[PDB]
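Working notes, structure below.
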Ligand SMILES: OC[C@H]1C[C@H](O)[C@@H](O)[C@@H](O[C@H]2O[C@H](CO)[C@@H](O)[C@H](O)[C@H]2O)[C@@H]1O
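Numbering (my numbering), first residue to last: 769 to 1110.
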């Protein structure tokens, strides 16, 4: 009842900086998004004003601070989440390479695995995706923390709908012009199911994805993130040899950085929102679950410990009446219930 679950994937963000490591509070400082001649301004990432509606127990930390990473891996162990699904932006800079290596090293000390969450980086296309999959497997595939499921790496592909199925086929069909199938670089490729089945069923089949996930922590944001659709999505997945990895989260709020986005707020209700979403994933009969998120602090979906904080600039939300580690321990509860169902 305490072991890590390697079919549980927690979305992790490595984009935070601190003065101690980076010399700058990266991402804690963040531009405010205009509402789709506005000068919306910027959150400055001071102690008092950070780019989240909540406040981290660990403060304005650096994702490159090995001592922070240690603490994060201990949190993953508490939550029983065996796979860290690492955001990857193809930054092509030494700081990215350093951070990835540190995260792998810290993860391995606690038997945590790492897979990549391939983000919509500039000019992303199936050719540079192939080149990047090769790069990541070549660089990190022999690291002991690199995740494999039945011998294959696994990648989540955010906003996979931005690429046509005719392009995906070239990479993901066994006959595709630039296929990874049957190569040293074959992998489980998990696309993002967004909209209705009439659109998503043929997309997923014609793209040759191995599976699909839903990402959004806010129920009802998309068809795919509406949990009453999960039973039918799982039925279709099983019928079509696809792996469904629904995404569950504890809440959503991003109004510090998107003040116009209040309709997407989902209240945590002392854990009852998380409970409801996790229960629906397990009841759907799925073989794997993803958690949005460990630490997307901008979106207020994090399970990472948060503390009460009132500053001169903002009164932050917090977990009270729950303790700061409540979402870690509640995750461990649900991992157990999920394992009971496997
Ligand atoms: O990891 C996938 C996706 C998850 C959320 O929709 C965002 O984290 C998004 O990043 C965008 O929004 C961030 C703020 O919420 C912003 O900091 C990033 O620069 C954006 O790219 C992720 O792509």
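Heads up, the beta-carbon is just placed ideally off N, CA and C, and yes, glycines get one too.
Distance cut-off 7 Å: residue i Cβ against heavy atoms of ligand 1
i: residue 925; result: no
i: residue 790; result: no
i: residue 842; result: no
i: residue 709; result: One cannot answer for residue 709 here, as it falls past the ends of the chain, which runs 769 to 1110.
i: residue 947; result: no
i: residue 860; result: no
i: residue 1064; result: yes
i: residue 1025; result: yes
i: residue 855; result: yes
i: residue 887; result: yes
i: residue 1012; result: no
i: residue 1067; result: yes
i: residue 777; result: no
i: residue 1112; result: Any question about residue 1112 goes unanswered here, given that the chain covers just 769 to 1110.
i: residue 798; result: yes
Residue i classed as buried or exposed, judged by whether at least 16 other C-beta atoms fall within 10 angstroms
i: residue 1010; result: buried
i: residue 806; result: exposed
i: residue 1028; result: exposed
i: residue 906; result: exposed
i: residue 1000; result: exposed
i: residue 1069; result: buried
Minimum C-alpha distance to residue i - residue among the options
i: residue 928; options: 1074, 920 and 961; result: 961
i: residue 958; options: 965, 964 and 975; result: 975
i: residue 1052; options: 1015, 1101, 1096 and 1077; result: 1015
i: residue 799; options: 785, 787 and 818; result: 818
i: residue 833; options: 813, 1071, 788 and 875; result: 788
i: residue 931; options: 888, 900 and 1075; result: 888
i: residue 980; options: 899, 863 and 963; result: 963
i: residue 801; options: 1050, 1065, 1025 and 1056; result: 1025
i: residue 1082; options: 771, 814, 776 and 784; result: 814
i: residue 1049; options: 804, 1062 and 1102; result: 1102
i: residue 1087; options: 1002, 1039 and 935; result: 1039
Open item on the list: Ignoring anything shorter than 4 residues, give me the alpha helix (DSSP H) runs that lie fully in the region 1038-1101, in order along the chain.
Closed with: 1040-1051
TODO: Mind listing, in chain order, the continuous beta strand (DSSP E) runs of no fewer than 3 residues lying wholly within the region 769-807?
DONE: 773-780 and 797-799
Task: At least 3 beta-carbon pairs within less than 8 Å: the region 813-826 vs the region 852-870 - done: no
Task: Cβ pair count under 8 Å reaching 3, the region 1091-1103 against the region 829-837 - done: no
TODO: Specify whether the region 808-815 and the region 875-890 touch according to this definition: at least 3 beta carbon pairs, one from each stretch, less than 8 Å apart.
DONE: no
Task: Segments assigned alpha helix (DSSP H), at least 4 residues, entirely inside the region 810-869 - done: 834-847
- [ ] Would you mind listing the alpha helix (DSSP H) stretches within the region 962-1002 that are 4+ residues and don't spill past its ends, in chain order?
- [x] 965-975
Open item on the list: With a threshold of 8 Å, are at least 3 pairs of Cβ atoms found where one atom belongs to the region 863-877 and the other to the region 836-848?
Closed with: yes
Open item on the list: Please give the ranges of any alpha helix (DSSP H) in the region 858-922, keeping only runs that are unbroken, at least 4 residues long and fully inside the region.
Closed with: 862-877 and 894-908
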